[PDB]
Amino acid sequence: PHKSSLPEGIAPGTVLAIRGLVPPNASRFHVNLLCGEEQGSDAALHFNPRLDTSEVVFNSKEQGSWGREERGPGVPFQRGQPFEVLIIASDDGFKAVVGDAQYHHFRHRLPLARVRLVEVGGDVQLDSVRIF
Amino acid sequence: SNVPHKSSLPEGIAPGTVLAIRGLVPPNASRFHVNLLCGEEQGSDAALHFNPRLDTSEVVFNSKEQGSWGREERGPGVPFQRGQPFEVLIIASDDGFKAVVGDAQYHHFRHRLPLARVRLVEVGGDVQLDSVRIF
Ligand SMILES: OC[C@H]1O[C@@H](O[C@H]2[C@H](O)[C@@H](O)[C@H](O)O[C@@H]2CO)[C@H](O)[C@@H](O)[C@H]1O
């Protein structure tokens, strides 16, 4: 599980840039923006491409319980295919950009000022992870 | 070559706006520019003038208000090469514009004009543009 600590937090204008490739037999992977380094920390954002169910799920997690799921359209990911993702923070929410096209806008549910860690988990091959 | 290139933003940009510019610096390039301007008319103020100079091996940053340029800032060396493709992000925050070149933070240009005045992106000079996208 690829971890990037952000002890000074993030603000509008933060860009998480991820490049990689969906393994040919992958089921699902996810990117979490978490509010602490401890296990079970709240998730300001959970971005969950799902190759098995042909879904992309966005959610938040508070005191261990998942919120209301949001879904983007279809699935701009393919097993065996490379991808490019941007998750961009603004004052209003997180903009998920896939393949050089705006994909979904997830409005803030928890305070952005609480985020302290980026975590990329699941079945994915990471070529590059950067926070600008 | 897709230059001169213009992207109108009549409603403006805000913190979290990302300008993504990909292209090739062609073999005999001297310099190119990315401008964030405050209107469509000629001589509009420049909130940001980003000026990679291949011929003098520097990158200049500046602003322009009422026809007058500010004091130039310079990044650390030229992260562009003649004959080489590039990817630039110009990222707006509450504090300024972050310039990212090829997967690394290159320079932070503090706002001199209010971000809320920007209404147009122009790209031109000695570059062969692949794409300009605003997220
Ligand atoms: O919603 C984020 C959270 O989802 C869990 O799976 C969902 C899924 O959409 C479906 O099986 C159904 O709605 O139930 C679950 C929510 O109760 C994942 O297991 C978890 O890791 C997160 O991705």
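Throughout, protein chains are lettered first and strands after them, A, B, ... in sequence-line order, and every chain is numbered starting at 1. Hydrogens, waters and symmetry mates play no part in the numbers below; they use all other heavy atoms, side chains included.
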Asker: Hydrophobic clustering (ILVMFWY, side-chain heavy atoms < 4.5 Å, transitive) - are A:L33 and A:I88 grouped together?
Answerer: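 Cluster IDs for A:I88 and A:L33 differ.
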Asker: Would a distance-only check, ignoring hydrogens and angles, find a side-chain to backbone donor-acceptor pair under 3.5 Å from A:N48 to A:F29?
Answerer: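 Judged by distance alone, yes, a pair lies under 3.5 Å.
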Asker: Hey, mind stepping through A:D100 and B:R22 against side chain to side chain contact (heavy atoms under 4.5 Å, CB included) and telling me if it holds?
Answerer: CA-CA 11 Å; A:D100 314 313; B:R22 293 185 173 172; 3.9 Å; yes
Asker: Enter the distance from A:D123:CG to A:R79:CZ here, rounded to the nearest 0.5 Å.
Answerer: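 Those atoms lie 9.0 Å apart.
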Asker: Are A:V56 and A:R50 packed together at the side-chain level, in the sense that at least one heavy-atom pair is separated by less than 4.5 angstrom?
Answerer: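 Counting from C-beta outward, A:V56 and A:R50 never come under 4.5 Å.
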Asker: Measure from the side-chain N and O atoms of B:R31 to the backbone N and O of B:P52, and report whether any donor-acceptor pair falls under 3.5 Å.
Answerer: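 Checked: no pair found.
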Asker: For B:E41, is the CD atom crowded, meaning more than 12 foreign heavy atoms sit under 6.0 Å from it?
Answerer: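 Counting other residues, nucleotides and ligands, CD of B:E41 exceeds 12 neighbours.
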Asker: Could you pull out the closest heavy-atom pair between B:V3 and B:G125, with the gap in Å?
Answerer: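 Shortest heavy-atom contact: CG2-O, 3.9 Å.
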Asker: Below 4.5 Å, heavy atoms only, C-beta onward: do A:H46 and A:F58 meet side chain to side chain?
Answerer: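 They are not in side-chain contact.
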Asker: Could you see if A:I87 belongs to whatever hydrophobic cluster contains B:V100? Use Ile, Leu, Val, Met, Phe, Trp, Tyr and a side-chain cutoff under 4.5 Å.
Answerer: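 Different clusters.
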Asker: Report the distance from atom OG of A:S60 to atom CH2 of A:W66, rounding to the nearest 0.5 Å.
Answerer: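 Rounded to the nearest 0.5 Å, the OG-CH2 separation comes to 8.0 Å.
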Asker: Are B:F135 and A:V31 linked, directly or through other ILVMFWY residues, by side chains that come within less than 4.5 angstrom of each other?
Answerer: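 As far as the 4.5 Å side-chain criterion goes, A:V31 and B:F135 are not connected within one cluster.
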Asker: Quick one, B:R74 with B:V60, criterion side chain to side chain contact (heavy atoms under 4.5 Å, CB included). Give me CA distance, side-chain angles, the key distance, then yes/no.
Answerer: CA-CA 5 Å; B:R74 282 157 160 74; B:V60 164; 3.7 Å; yes
Asker: Please find the pair of heavy atoms, one from B:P85 and one from B:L24, that lie closest to each other, and give the distance.
Answerer: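 The answer is N-CD1, 3.7 Å.
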Asker: Are side-chain heavy atoms of B:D45 and B:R117 found at a separation under 4.5 Å?
Answerer: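 The answer is yes; the side chains approach within 4.5 Å.
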Asker: Looking only at heavy atoms, what is the nearest atom pair of B:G43 and B:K64, with distance?
Answerer: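 Nearest pair, atom of B:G43 first, then B:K64: O-CE, 4.3 Å.
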Asker: Side-chain contact, heavy-atom cut-off 4.5 Å: B:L48 with B:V118?
Answerer: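 Not touching, per the 4.5 Å side-chain cut-off.
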Asker: Hey, mind stepping through A:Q102 and A:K95 against side chain to side chain contact (heavy atoms under 4.5 Å, CB included) and telling me if it holds?
Answerer: CA-CA 7 Å; A:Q102 165 65 30; A:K95 294 174 277 172; 3.6 Å; yes
Asker: B:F97 and B:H108: aromatic ring centres closer than 6.0 Å?
Answerer: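 Between B:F97 and B:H108, the centre distance exceeds or equals 6.0 Å.
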Asker: Is there a donor-acceptor pair closer than 3.5 Å between any side-chain N or O of B:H107 and the backbone N or O of B:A99?
Answerer: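 No; judged by distance alone, with no hydrogens or angles, the pair does not exist.
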Asker: Using a cut-off of 6.0 Å, state whether more than 12 heavy atoms not belonging to B:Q81 lie near its atom CD.
Answerer: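 Not buried by this count: 12 neighbours or fewer within 6.0 Å.
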Asker: B:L19 and B:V88: same hydrophobic cluster, using ILVMFWY side-chain contacts below 4.5 Å?
Answerer: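 Yes, B:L19 connects to B:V88 through the hydrophobic network.
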Asker: Are the aromatic ring centres of A:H30 and A:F47 under 6.0 angstrom apart?
Answerer: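 Distance test on ring centres: not under 6.0 Å, no.
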Asker: So which atom in B:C38 and which in B:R119 form the shortest heavy-atom distance, rounded to 0.1 Å?
Answerer: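 Closest heavy-atom pair between B:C38 and B:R119: O-CD, 3.6 Å.
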Asker: Are any non-hydrogen side-chain atoms of B:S7 and B:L120 less than 4.5 angstrom apart?
Answerer: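 Heavy-atom side-chain distance check fails, nothing below 4.5 Å.
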Asker: Minimum heavy-atom separation for B:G39 and B:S44, please, with both atom names.
Answerer: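 Closest approach of B:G39 to B:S44, heavy atoms only: N-OG, 2.8 Å.
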Asker: Do B:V18 and B:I134 touch side chain to side chain, with heavy atoms closer than 4.5 Å?
Answerer: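 They are not in side-chain contact.
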Asker: Between A:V129 and A:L34, is there a shared hydrophobic cluster once you connect ILVMFWY residues whose side-chain heavy atoms come closer than 4.5 Å?
Answerer: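 The answer is no; the residues belong to distinct hydrophobic clusters.
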Asker: Closest approach of A:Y103 and A:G74, non-hydrogen atoms and distance?
Answerer: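 It is OH-O, 3.2 Å.
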Asker: Are the side chains of A:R109 and A:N59 in touch, meaning some heavy atoms are under 4.5 Å apart?
Answerer: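 Answer yes - side chains close enough.
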Asker: Does B:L54 form a side chain to side chain contact (heavy atoms under 4.5 Å, CB included) with B:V78? I'd like the steps, not just the answer.
Answerer: CA-CA 7 Å; B:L54 289 306; B:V78 67; 4.2 Å; yes
Asker: Got a second to check how far B:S93's OG is from A:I10's CD1, nearest 0.5 Å?
Answerer: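 Here the interatomic distance stands at 13.0 Å.
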Asker: What's the separation between atom CG in A:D52 and atom CG in A:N25, rounded to the nearest 0.5 Å?
Answerer: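 Going from CG on A:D52 over to CG on A:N25, the span is 12.0 Å.
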Asker: Less than 4.5 Å apart, any side-chain heavy atom of B:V25 and any of B:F86?
Answerer: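 The answer is yes, as the side chains (C-beta and beyond) meet within the 4.5 Å cut-off.
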